[PDB]
Amino acid sequence: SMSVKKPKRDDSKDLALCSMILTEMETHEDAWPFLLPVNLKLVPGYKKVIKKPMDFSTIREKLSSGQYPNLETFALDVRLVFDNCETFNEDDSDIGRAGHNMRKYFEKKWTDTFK
């Protein structure tokens, strides 16, 4: 509360460490469904159904331009990529499986880096 603060966690490396995680996600072999925004002209149903589209290139641009206030807003966009994927894709599809694999990969890096 006012004039009463928990000890200051060092957040000065967060930006660099989120960039590294994002590099590792970008270079994973199962990243291909997620690298670029879904083409809303060419994929019937996507625009109406997926209310907040997100992809790795969009996260990379947000990251690079100071649009994440803190590391949690960064994790929320990564998870949005996978949540969208589960919303639109059957679990038993190449893209559905890609999404589950990438989410697992992400969540391990996230825990090992920050928890």
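Data block above holds the structure.
Described in the following lines is the structure provided in the data block. (Residues numbered from 1 in each chain as written, not as in the entry; some residues may be left out. Heavy atoms only, no water. Residues with missing side-chain atoms left out of burial classes, pairs and counts.)

## Focus: the overall build of the protein
Which entries qualify depends on this criterion: Going along the chain from the N terminus, every DSSP run of H or I of four or more residues is numbered as a helix, and every run of E of two or more is numbered as a strand. The contact rule is simple, with two residues in contact once any of their heavy atoms fall within 4.5 Å.
Within the protein, the secondary structure is distributed over five helices and zero strands. The order of α-helices and β-strands along the protein, N terminus first, is α-α-α-α-α. Counting only C-alpha atoms and orienting by the principal axes, one finds that the protein spans roughly 55 × 25 × 25 Å. Considering only contacts in the protein between residues 6 or more positions apart, those separated by 24 or more positions represent 67%.

## Examining the side chain of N84
Selection criterion: Exposed residues in this analysis have more than 50% of their type's maximum accessible area, buried residues have under 20%, and partly exposed residues fall in between, with area computed by a 1.4 Å probe over protein chains only.
Structurally, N84 can be placed in helix α4 (residues 71–88). Exposure remark for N84: the relative accessible area of 7% places this residue in the buried category. Non-local contacts of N84, meaning those with residues more than four positions away in its chain, are made with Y46, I50, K52, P53 and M54.

## Quick look at helix α3 (residues 56–64)
Condition: Working definition: the arc comes from the directions between the helix axis and the C-beta atoms, pointing outward to the latter.
Among the residues of α3, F56, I59, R60 and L63 are the ones counted as buried. End-on, the buried residues of α3 take up no more than an arc of 100°, which puts them together on one face. Backbone geometry just downstream of α3 places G66 in the positive-phi region, at approximately 65°.

## Describing the pattern of salt bridges
The condition is simple: Each reported salt bridge corresponds to a side-chain nitrogen of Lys or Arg within 4 Å of a carboxyl oxygen of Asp or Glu.
Applying the stated criterion across every chain, the model contains 10 salt bridges. Across the pair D14 and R9 runs a salt bridge, and its minimum N-O distance is 2.9 Å. Note that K62 is salt-bridged to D77, the shortest N-O span being 2.8 Å. Of this pair, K62 sits in helix α3 while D77 sits in helix α4, and the two are 15 residues apart along the sequence. Connected via shared salt-bridge partners are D83, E86 and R103.

## Focus: the packing of α3 against α4
The line we're drawing: Axis lines are fitted to C-alpha atoms, over the contacting stretch for helices. Their N-to-C directions set the angle, which ranges from 0 to 180 degrees. Orientation labels follow simple angle bins: below 35 degrees gives roughly parallel, above 145 gives roughly antiparallel, 65 to 115 gives roughly perpendicular, and whatever is left gives oblique. Each residue is assigned to one class: nonpolar for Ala, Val, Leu, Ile, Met, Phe, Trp, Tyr, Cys and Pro, charged for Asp, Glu, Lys and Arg, and polar for all the others, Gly among them.
Remark: α3 packs on α4, axes separated minimally by 10 Å, with the N-to-C direction vectors making an angle of 170°. Overall, the two elements α3 and α4 adopt an arrangement that is roughly antiparallel. Each of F56, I59, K62 and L63 in α3 lies in contact with α4, whose residues at this interface are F74, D77, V78, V81 and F82. Taken together, the residues of the contact of α3 with α4 break down into seven nonpolar, no polar and two charged.

## Remarks on the packing of aromatic side chains
Inclusion rule: In summary, the pairing rule links any two rings of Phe, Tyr or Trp, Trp by its six-membered ring, whose centres are within 6.5 Å, and it sorts them by plane angle into stacked for under 30 degrees, edge-to-face for over 60 and tilted for everything else.
Scanning the model with the defined rule gives eight aromatic pairs in all. The interplanar angle of 70° and the centroid separation of 4.8 Å between the aromatic rings of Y46 and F88 together place this pair among those described as edge-to-face. Of this pair, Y46 sits in helix α2 (residues 46–49) while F88 is found in helix α4, placing the two residues 42 residues apart along the sequence. The rings of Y68, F74, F106, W110 and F114 are connected pair by pair, giving a single aromatic cluster.

Honestly, that's just the spatial picture; any functional story needs more than this.
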